[PDB]
Structure formats: C-alpha cells, structure tokens
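One structure below.
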There are 4 protein chains.
Amino acid sequence: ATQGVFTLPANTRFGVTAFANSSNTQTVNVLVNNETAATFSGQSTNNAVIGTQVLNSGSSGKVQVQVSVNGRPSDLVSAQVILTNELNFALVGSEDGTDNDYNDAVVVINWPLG
Amino acid sequence: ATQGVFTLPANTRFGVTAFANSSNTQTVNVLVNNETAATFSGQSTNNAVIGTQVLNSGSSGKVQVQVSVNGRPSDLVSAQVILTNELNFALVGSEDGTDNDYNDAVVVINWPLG
Amino acid sequence: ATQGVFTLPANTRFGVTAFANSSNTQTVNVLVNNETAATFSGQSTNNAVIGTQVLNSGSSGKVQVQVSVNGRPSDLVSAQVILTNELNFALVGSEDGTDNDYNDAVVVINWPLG
Amino acid sequence: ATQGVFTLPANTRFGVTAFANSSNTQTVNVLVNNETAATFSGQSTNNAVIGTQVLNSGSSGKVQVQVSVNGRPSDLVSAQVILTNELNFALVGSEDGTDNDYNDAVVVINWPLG
Ligand SMILES: CO[C@@H]1O[C@@H](C)[C@@H](O)[C@@H](O)[C@@H]1O
Ligand SMILES: CO[C@@H]1O[C@@H](C)[C@@H](O)[C@@H](O)[C@@H]1O
Ligand SMILES: [Ca+2]
Ligand SMILES: [Ca+2]
Ligand SMILES: [Ca+2]
Ligand SMILES: [Ca+2]
C-alpha cells in the first residue's frame, strides 16, 4: 500500500516535525502538491528534532513524506488519527536497515495550528 | 474517561515533545513514577516546540501528561497508535478556552528510540 | 471534549457495528444529521454483535453514536483512524459503571464500502 | 513493512469480526501463535459480516490476520489504536485488485471482552 501520503484540507497551515533514531544520517523530504516544500536532515540515536516547520497545504491539500538514507529510499509506515473530530495527526515511520524498529526517521504532521 | 495517561513498556526510553498554538503560556507536566519528570513552558501561535526531552518510563511504565494555563487545568484528548506492531505514538491535545481546537498544547510521545 | 461525533464525507455509505460486553443491556443509537437512523439493543459478556447496518452519511456528513443503559446515557471515548489515506474507521467505546475499560458497548464505523 | 500482525496481552480473550466489500468471495484466516484459530469466508458488496468469533490470544499473544482471494494472499494495511489506555482495536484492510480503497475484506479485532 502507498504510505506517507495524506490529504489535508486545502489552504491550511500544518506543522511538520522529524525525529531521528539511527546511526545513519536521515533525509526527510516533504512535498506539497508534488513539489518539495521542506527538507530536514540529521543523525541521532536519541530522538533529535532534526527539523520542524509550518507549511500551507495549498490548493490540492496533498502532502507526501519521503525519507532517504544517502539516496536510498527507506520503507515507510503511516496512518492519520483524528481526536474529538477536530485535532489531526498524520504519522510516518521509516526503516533504513535490518532491525525493523521503523523509528529511523519518525515524522509527525499536525493541524490545525494557531 | 481519563486522558493523557499511557502504559509504556517498563524501564524504557521514550521521547516527549510539546508544541504550542495559543495566545496563552502553556505549562506541560510529564509524570513518571508518579512524580514530575519534565516540565515545559512556552507560548506560540505557530506550533513552536516548547520542549523536547528523552525520559525513562520507570518501574510501572505509566506516563501521564498534564497541561495547565495560568493555573487552570486544560481539557485533554488523547490516544495511542501503533504502526507495524512496533512503532508507538502517544498523542495529546488540550484546550485552554472556548474555540475547541484542542491544539493549544499538543504533546507527542514516541518510542522505541535508538 | 465531545466524543462519538464524526464528520464523514457527504453522501457516502458507511457500515456501523455494535458489540456488547456488560452484565447490563446496552442500547446503541446511531444518528445521521441529528436523526436516529439505527438502533441496536442487547446484553452480552462475550462480544455479541448486537447490530450491524449500512447507512448513508447524507448531505451533512454528521454521524453521532449514543449509548445508554436503561435510559441513562453512558460516557464515551472515540477516535477516527485512516489507513493508506483511504480506509476509515471511526471508533467508540462506552462505560456504564465504574471498572473503566470502556468496553460495555463498542461501536465501529467503517467506510468506504462496495 | 509486515502488516496484520499484533501482539496482544497473553491469555486474553479477543473478538474478531470480518466484513466484505467485493464481488470476489473473501477468505480471512486468524492465526494465534502461528496456527489457524479461525477461518471465515463470504461474499458481499455491502459490508456484510462474513465472520465473527471470540478467541484466546494464547501464550505468546501473537495474532495474525491473513486474507486471500481465489487462493492469492491479499495486500494488507493495519494499525492498532488504544483509547483511554484500556480499549484496544487492531484494524486490517485488504486489497485483492488495483482499486486501492483496501476494503475488500475489513477485519476488526477488539479487546478486552467481558
Ligand atoms: C544501522 O541501523 C540503524 O542504526 C542503528 C543504531 C539503529 O537505530 C537501527 O534501528 C537503524 O536501522
Ligand atoms: C484565547 O484563545 C487561545 O488563543 C487563541 C490565539 C487560539 O489559539 C485559541 O485556540 C486558544 O484557545
Ligand atoms: Ca531501524
Ligand atoms: Ca532505529
Ligand atoms: Ca483553543
Ligand atoms: Ca489554539
């Protein structure tokens, strides 16, 4: 199944934040309507917040998270959760290796903001 | 129902990170071994990170998040989501007023780390 | 925070299924656009499916689940989760008493169908 | 990533319920500690329940859902959600073709019971 792709409401501000837990440097790309809108990278095994940014979902609302480790795409897992019919989290984990913790880069998208 | 309480595996490292989206200063307390293990405080209307830390879940694994604003307890919402039977997110929203966006402090707990 | 209220896409078929796990008879009502559209009742301590139905979310998309025991409303917990950006579950648990598993009546809504 | 595999608490009863939304007959196998514990088959384009059972998670707590259509394993998507730190849902969708809603068979696992 496709993972790391979320339909947000259009023209809406959202937070995107990436955490690293791997001996390898992670590179996280965030695409809005198929165009790169943010890129984060770092190397930590203790959950460093390698990036965080406010983006606008634009007219399509399409947001896609990709993760790579020196050019090699990682396998993704993802889901969206909604609390009290209002508060939205889109969640991504990624695996660059052999141990299947899926925490090598962890991405959380949240909206609404403000 | 009780909200903002999660049973993690005992004696396990986890990340906790708080974001603010309110005109009011948010105070986030994170309890482990039924004592305050971390306190974050800050104000943003742009999803700023007001705190991030790595903690150990202690003998019981019970982690509780409480949010207050100028001494008033915020109403909480929460859930835990597990991806590929391995990657865990414990999520908290909170409301400090009337508009019911539940984003005034948003708290993300994730594990495993490393 | 409000629980058991979900906004579905308009004019969309969904399934709703109720389980009972209590010594007390559970009454589950499902409302669409603030109108009762399905009712199920029964007593089971073995997860009986006390009812399942296909409904249409209608022009408003508003779906509410209510649970009562002998006319007393039960307290609810709820959340919505989306897999692969397409498969939706709206989840409800309810508590009629003191023991706090919120499993006295459990309701699952799923879409899309067909 | 592996999908449809969940670690439940050991020696705990859980419910499993299966819905179909396809012209192809669906087969759902529920394994406990790598042995078939239940098998459901049926055909519906209207979300009919094709199977429901109460099972015991056994010594390991390992439960696996497998779906097949015409003897071919379907692609799965899955996640576990926990409400109020007590009420558990393990959720599976499956795809037997290309269409990508992952609703051809939908499986819901819930615990605790009783
Ligand atoms: C080389 O393996 C990568 O780094 C290790 C130290 C672990 O974080 C592992 O999960 C990750 O896939
Ligand atoms: C005064 O209200 C508080 O601050 C406003 C700027 C909004 O963030 C609102 O959600 C919050 O409850
Ligand atoms: Ca790894
Ligand atoms: Ca790792
Ligand atoms: Ca607010
Ligand atoms: Ca706010």
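Order determines the names: the first chain of the structure tokens is A, the second B, and so forth; residues in each chain are numbered 1 upward, and ligands are numbered 1 upward as they are shown.
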* Asked: So which residues are near ligand 4, meaning at most 10 Å away with only C-alpha atoms and all ligand atoms counted, given back as an MDAnalysis selection string?
  -> (chainID A and resid 20:24 44:47 94:106) or (chainID B and resid 112:114)
Report as CSV: every residue of chain B with an atom at most 12 Å from chain D, its closest pair of atoms, and their distance in Å to one decimal, counting only C-alpha atoms, with rows sorted by chain and ascending residue number.
residue,atom,partner,partner_atom,distance
B:1,CA,D:84,CA,6.3
B:2,CA,D:84,CA,5.9
B:3,CA,D:84,CA,5.8
B:4,CA,D:84,CA,8.0
B:5,CA,D:85,CA,6.5
B:6,CA,D:85,CA,5.6
B:7,CA,D:85,CA,6.8
B:8,CA,D:85,CA,9.9
B:62,CA,D:85,CA,10.0
B:63,CA,D:85,CA,10.6
B:64,CA,D:85,CA,10.7
B:76,CA,D:84,CA,11.1
B:77,CA,D:84,CA,9.2
B:78,CA,D:84,CA,7.3
B:79,CA,D:83,CA,5.3
B:80,CA,D:82,CA,5.1
B:81,CA,D:81,CA,4.6
B:82,CA,D:80,CA,5.1
B:83,CA,D:79,CA,5.3
B:84,CA,D:3,CA,5.8
B:85,CA,D:6,CA,5.6
B:86,CA,D:6,CA,9.1
B:87,CA,D:79,CA,10.0
B:88,CA,D:80,CA,9.5
B:89,CA,D:81,CA,9.7
B:90,CA,D:82,CA,9.2
B:91,CA,D:82,CA,10.8
B:92,CA,D:84,CA,11.3
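Take the candidates A:111, A:93, A:16, A:25 and check each one against ligand 2 using only C-alpha atoms and all ligand atoms; the shortest distance goes to A:111.
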task: Could you check which of B:19, B:29, B:34, B:51 is closest to ligand 2, using only C-alpha atoms and all ligand atoms?
output: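 Of B:19, B:29, B:34, B:51, the one nearest ligand 2, counting only C-alpha atoms and all ligand atoms, is B:19.
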